[PDB]
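Engineer: Got a structure for you, questions after.
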Amino acid sequence: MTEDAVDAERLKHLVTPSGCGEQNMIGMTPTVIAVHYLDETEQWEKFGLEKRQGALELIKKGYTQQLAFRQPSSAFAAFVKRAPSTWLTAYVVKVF
Amino acid sequence: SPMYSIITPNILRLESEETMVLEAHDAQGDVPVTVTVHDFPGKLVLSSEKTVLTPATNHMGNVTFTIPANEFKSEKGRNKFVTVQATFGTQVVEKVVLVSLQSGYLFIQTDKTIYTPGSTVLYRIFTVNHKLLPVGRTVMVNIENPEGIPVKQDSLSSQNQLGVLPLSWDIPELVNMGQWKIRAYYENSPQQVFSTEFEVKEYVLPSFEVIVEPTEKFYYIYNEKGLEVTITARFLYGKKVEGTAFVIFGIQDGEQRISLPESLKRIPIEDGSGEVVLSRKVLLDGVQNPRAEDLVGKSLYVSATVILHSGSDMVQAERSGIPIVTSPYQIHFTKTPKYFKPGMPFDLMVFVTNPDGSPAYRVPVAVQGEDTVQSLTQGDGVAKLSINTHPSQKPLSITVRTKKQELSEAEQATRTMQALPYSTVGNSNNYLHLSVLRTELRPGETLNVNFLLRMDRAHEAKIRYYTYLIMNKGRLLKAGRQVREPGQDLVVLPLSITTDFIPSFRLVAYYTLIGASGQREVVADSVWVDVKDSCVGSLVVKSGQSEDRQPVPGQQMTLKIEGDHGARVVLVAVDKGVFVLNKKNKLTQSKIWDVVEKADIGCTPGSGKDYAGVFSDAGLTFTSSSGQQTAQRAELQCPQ
Ligand SMILES: *[C@@H]1O[C@H](CO)[C@@H](O)[C@H](O)[C@H]1NC(C)=O
């Protein structure tokens with residue numbers, strides 16, 4: 001009475017973090033959600049054991065970059081000079 | 001650019017001492033090293049046991065730790081992994097290794113092998129770990145009916161019991177017959193279960209054992225004389241039997257047994273020995289296939305019924321597994337390496353065996369090509385053959401055939417093997433051959449490996465030592481260097497084989513150079529050595545008396561036990577009538593060693609496709625900071 005999840009064979013295309021805060025979100029979100037999905041489904045046995053460490057390293061690098069990009073009022077935006085965006089802050093809260 | 005390597009057993013175990021050999025090749029000065037293990041995925045089961053590497057040890061060390069078992073019992077149906085992430089100074093290297101749930105062995109010993117209803121069952125449950133040492137763990141035991149429904153459940157602790165748990169059960173009066181089973185399993189790892197079988201039957205003890213041993217443990221299909229079977233009967237206590245014996249023969253194919261109506265014969269035994277023959281005409285006419293050749297493969301079986309002239313006692317004895325074969329030898333390639341090296345001897349371990357399965361003794365083997373090579377098998381049925389190999393990349397087609405005299409050439413045994421060449425790194429032609437003697441080694445005597453080498457003279461100064469490791473029973477036993485002065489091409493390393501090496505040790509080795517454009521490479525090898533299977537200690541029982549033999553019933557006698565100090569012996573005395581009635585499911589050292597060897601991680605008797613293959617075949621995991629790391633394993637058993 002259950003549906004089998006995706007084997008994640010074709011999910012290999014899921015990107016190093018780079019760019020500004022928006023570009024860093026673009027980089028992390030697919031990789032972070034992919035590693036979370038793989039952890040939930042416990043299918044690392046076939047996707048490749050080694051790539052998880054690289055994924056963790058890159059997502060940690062992006063998280064550190066965004067921690068550096070955090071405004072003094074605990075706000076997240078594309079630029080520190082630019083006014084904080086509520087949607088960006090909510091998305092960063094969800095990612096955290 | 002120094003490297004830092006971690007070598008750990010391929011599959012880890014719960015609650016045991018697991019060693020991780022650490023090297024730092026071409027490293028100057030001391031380097032701190034910390035080894036931490038984390039659960040995979042997520043994140044800290046253990047982060048202790050750091051070490052400081054010193055040039056005083058030539059920058060080599062080992063860190064042993066025991067991972068606690070807890071998150072480990074939540075999920076078991078799917079394989080679970082742990083991450084061994086170690087930091088060498090500022091450089092970090094990590095590798096994900098598999099973790100099994102098996103933690104030890106339980107050898108169940110029942111005093112008898114057949115019980116009558118209304119009789120108590122006395123049995124023990126030894127508790128030993130992977131290294132064959134007493135351990136304190138909690139066991140569970142369930143005793144199954146013939147159908148397979150548990151009847152008794154119990155829980156015991158081996159703590160302060162020195163690994164022996166004597167127990168009991170009084171068989172209920174109204175019970176089903178047939179085989180019963182006792183299944184015991186460690187409480188932490190409920191998916192691995194050990195068992196024994198005891199039979200409940202209506203019996204009264206016999207009075208004499210009947211032995212039927214055919215003259216040859218097979219039947220030649222073209223022999224015109226027929227099967228030659230000898231029936232012998234001696235009383236339990238050592239006297240000859242006079243009586244009449246009925247025998248019968250049949251053909252046992254698959255699971256269906258068909259008897260031969262024209263074969264039953266009464267052959268009176270005088271002085272306790274009688275002989276009957278099954279003429280080939282009877283064998284052909286009993287079966288419905290007149291083609292004698294189509295009968296091959298099927299096995300005969302002899303059922304002998306003996307009755308004394310008193311007529312007071314009758315005993316049955318059956319010898320099955322007499323194979324009908326056209327050739328008296330079966331050549332096996334179980335122990336031969338499946339991969340070789342160009343331009344080195346390629347030691348073949350052919351295993352000549354009788355058709356029943358027992359090892360063959362004093363049989364000459366030969367290679368069809370270059371027939372100038374010929375050998376003769378040793379005690380354990382293994383014949384050392386050596387075939388020189390041309391330095392070529394083509395697979396080598398080795399065929400071995402038995403060349404025993406007084407046997408027609410249409411009657412010997414033949415077999416073929418495919419062996420593929422070791423593949424270097426980028427066709428650099430840097431190999432390593434590790435020659436060795438392989439015989440029925442006895443513990444104590446030394447062995448001299450030969451760390452043979454082959455590489456161009458342009459890089460003979462870069463290599464100055466050979467690392468080596470010794471697997472045994474599932475964990476690294478010794479790990480050291482082997483210094484070699486430049487300009488020297490053969491290095492003999494004397495290995496001190498103690499009694500700790502029983503029954504086999506999978507010696508590996510490797511070095512490391514930089515060549516071609518300046519890229520790192522590793523070259524490895526493996527050897528499987530079989531040691532004679534006996535105790536790691538010693539125990540024997542004999543009699544105190546030296547006179548007045550044949551004790552009368554009711555007379556004191558003193559039996560002497562010569563065992564290792566501090567040990568604990570457990571005794572049981574069984575009437576031999578019981579073993580006459582049912583001789584299956586006994587306990588002896590051979591089965592213990594078979595069970596221990598059946599759980600070894602290594603799954604090929606040496607060499608491999610390349611260095612990663614060699615290490616995985618041994619049962620290791622060699623990862624380095626540069627990147628040269630072994631292939632991942634995620635299955636408990638290597639493919640068949
Ligand atoms: C490392 O291996 C050597 C082998 O001689 C052994 O003596 C030593 O005890 C091992 N290290 C540890 C920490 O057990």
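Letters A, B, ... go to the chains of the structure tokens in the order shown; residues in each chain start at 1; ligands are counted from 1 in the same order.
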Identify every residue of chain A that has at least one atom within 9 Å of any atom of chain B, counting only C-alpha atoms, and report the result as a count of residues only.

Structural biologist: 10

Engineer: Select the residues contacting ligand 1 at a distance of at most 6 Å, based on only C-alpha atoms and all ligand atoms, then format the selection as an NGL selection string.

Structural biologist: :B and (62-64 or 478-479)

Engineer: Near stretch 5-20 of chain A, within 10 Å and counting only C-alpha atoms, which residues show up once chain neighbours fewer than 4 positions away are dropped, as a ChimeraX atom specification?

Structural biologist: /A:24-35,37-38,41,43-44,46-48,51,54-55,57-63,65-66,69,77-79

Engineer: Take the residues just selected and output them with C-alpha atoms as a PDB file, in the first residue's frame.

Structural biologist:
```
ATOM      1  CA  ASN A  24      24.091  31.307  -3.517  1.00  0.00           C
ATOM      2  CA  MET A  25      20.474  30.384  -2.746  1.00  0.00           C
ATOM      3  CA  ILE A  26      20.107  29.182  -6.345  1.00  0.00           C
ATOM      4  CA  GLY A  27      23.182  27.022  -5.816  1.00  0.00           C
ATOM      5  CA  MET A  28      22.365  25.554  -2.406  1.00  0.00           C
ATOM      6  CA  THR A  29      18.622  24.891  -2.630  1.00  0.00           C
ATOM      7  CA  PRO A  30      18.692  22.042  -5.208  1.00  0.00           C
ATOM      8  CA  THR A  31      21.776  20.402  -3.693  1.00  0.00           C
ATOM      9  CA  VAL A  32      20.471  20.763  -0.130  1.00  0.00           C
ATOM     10  CA  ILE A  33      17.047  19.383  -1.002  1.00  0.00           C
ATOM     11  CA  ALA A  34      18.659  16.541  -2.976  1.00  0.00           C
ATOM     12  CA  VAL A  35      20.887  15.482  -0.086  1.00  0.00           C
ATOM     13  CA  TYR A  37      15.846  13.545  -0.019  1.00  0.00           C
ATOM     14  CA  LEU A  38      18.672  11.011  -0.329  1.00  0.00           C
ATOM     15  CA  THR A  41      15.096   7.637   1.260  1.00  0.00           C
ATOM     16  CA  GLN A  43      19.534   5.375  -1.287  1.00  0.00           C
ATOM     17  CA  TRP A  44      23.177   6.458  -0.903  1.00  0.00           C
ATOM     18  CA  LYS A  46      23.882   3.243  -5.222  1.00  0.00           C
ATOM     19  CA  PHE A  47      24.155   6.989  -5.888  1.00  0.00           C
ATOM     20  CA  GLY A  48      27.791   6.950  -4.752  1.00  0.00           C
ATOM     21  CA  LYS A  51      29.829  12.492  -3.232  1.00  0.00           C
ATOM     22  CA  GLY A  54      31.641  17.033  -1.283  1.00  0.00           C
ATOM     23  CA  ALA A  55      27.977  18.004  -1.089  1.00  0.00           C
ATOM     24  CA  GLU A  57      31.493  20.750   2.046  1.00  0.00           C
ATOM     25  CA  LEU A  58      29.875  22.911  -0.635  1.00  0.00           C
ATOM     26  CA  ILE A  59      26.651  23.482   1.309  1.00  0.00           C
ATOM     27  CA  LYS A  60      28.695  24.398   4.398  1.00  0.00           C
ATOM     28  CA  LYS A  61      30.708  26.852   2.298  1.00  0.00           C
ATOM     29  CA  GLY A  62      27.503  28.451   1.035  1.00  0.00           C
ATOM     30  CA  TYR A  63      26.054  28.581   4.549  1.00  0.00           C
ATOM     31  CA  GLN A  65      29.049  32.781   2.932  1.00  0.00           C
ATOM     32  CA  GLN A  66      25.437  33.650   3.776  1.00  0.00           C
ATOM     33  CA  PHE A  69      26.189  38.132   4.235  1.00  0.00           C
ATOM     34  CA  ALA A  77      19.206  40.301   1.151  1.00  0.00           C
ATOM     35  CA  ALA A  78      20.964  40.272  -2.207  1.00  0.00           C
ATOM     36  CA  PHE A  79      23.303  43.065  -1.073  1.00  0.00           C
TER      37      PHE A  79
END
```

Engineer: Find the residues around residue B:565 up to 12 Å (only C-alpha atoms counted), leave out those fewer than 2 positions away in its own chain, and share them as a JSON list (two decimals) with N, CA, C and O atoms, in the first residue's frame.

Structural biologist:
```json
[["chain", "number", "residue", "atom", "x", "y", "z"],
["B", 537, "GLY", "N", 45.74, -23.37, 21.30],
["B", 537, "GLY", "CA", 46.38, -23.90, 22.49],
["B", 537, "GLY", "C", 46.68, -25.37, 22.33],
["B", 537, "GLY", "O", 47.26, -25.78, 21.32],
["B", 538, "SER", "N", 46.29, -26.18, 23.31],
["B", 538, "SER", "CA", 46.44, -27.62, 23.23],
["B", 538, "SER", "C", 45.67, -28.26, 24.37],
["B", 538, "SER", "O", 45.71, -27.76, 25.50],
["B", 539, "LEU", "N", 44.98, -29.36, 24.07],
["B", 539, "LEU", "CA", 44.29, -30.13, 25.10],
["B", 539, "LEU", "C", 44.20, -31.57, 24.63],
["B", 539, "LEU", "O", 43.96, -31.83, 23.45],
["B", 561, "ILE", "N", 44.17, -35.05, 32.31],
["B", 561, "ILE", "CA", 43.90, -33.96, 31.37],
["B", 561, "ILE", "C", 45.11, -33.05, 31.34],
["B", 561, "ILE", "O", 45.51, -32.50, 32.38],
["B", 562, "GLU", "N", 45.70, -32.87, 30.16],
["B", 562, "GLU", "CA", 46.87, -32.02, 29.97],
["B", 562, "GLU", "C", 46.42, -30.78, 29.21],
["B", 562, "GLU", "O", 46.53, -30.71, 27.98],
["B", 563, "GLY", "N", 45.93, -29.78, 29.94],
["B", 563, "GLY", "CA", 45.42, -28.57, 29.35],
["B", 563, "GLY", "C", 46.21, -27.35, 29.79],
["B", 563, "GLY", "O", 46.99, -27.39, 30.75],
["B", 567, "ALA", "N", 42.84, -22.54, 32.21],
["B", 567, "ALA", "CA", 41.72, -22.86, 31.34],
["B", 567, "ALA", "C", 40.63, -23.57, 32.12],
["B", 567, "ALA", "O", 40.77, -23.87, 33.31],
["B", 568, "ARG", "N", 39.53, -23.84, 31.44],
["B", 568, "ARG", "CA", 38.41, -24.56, 32.02],
["B", 568, "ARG", "C", 37.96, -25.62, 31.02],
["B", 568, "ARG", "O", 37.68, -25.29, 29.86],
["B", 569, "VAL", "N", 37.91, -26.87, 31.45],
["B", 569, "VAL", "CA", 37.50, -27.97, 30.59],
["B", 569, "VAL", "C", 36.08, -28.35, 30.95],
["B", 569, "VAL", "O", 35.63, -28.18, 32.08]]
```

Engineer: I'd like the neighbourhood of residue B:202 as number ranges by chain, where a residue qualifies if any of its atoms comes within 10 Å (using only C-alpha atoms), though same-chain residues fewer than 6 positions away should be ignored.

Structural biologist: B: 114-117, 177

Engineer: For stretch 418-431 of chain B, find every residue with an atom within 9 Å (counting only C-alpha atoms), except residues of its own chain fewer than 3 positions away, and show them as a VMD selection string.

Structural biologist: chain B and resid 337 to 342 392 to 399 453 to 456 515 to 516 521 to 525 607 to 611

Engineer: Looking only at the backbone, which of the residues in stretch 304-439 of chain B does DSSP tag as strand (DSSP E or B), as a PyMOL selection string?

Structural biologist: chain B and resi 304-308+314-325+330-332+339-340+346-353+359+365-367+374+382-387+396-402+414-421+431-435

Engineer: Could you name the residues that touch residue B:272 at 6 Å or less, counting only C-alpha atoms, but leaving out those on the same chain fewer than 2 positions away, as number ranges by chain?

Structural biologist: B: 232-233, 240-242, 269-270

Engineer: Between atom CA of residue B:51 and atom CA of residue B:32, what is the distance in Å, rounded to a tenth?

Structural biologist: 6.4 Å

Engineer: Interatomic distance between atom CA of residue B:152 and atom CA of residue B:111?

Structural biologist: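 That distance, rounded to one decimal, is 18.8 Å.
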
Engineer: Taking only C-alpha atoms into account, which of B:389, B:29, B:84, B:371 comes nearest residue B:46?

Structural biologist: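 Checking each of B:389, B:29, B:84, B:371 against residue B:46, counting only C-alpha atoms, the winner is B:84.
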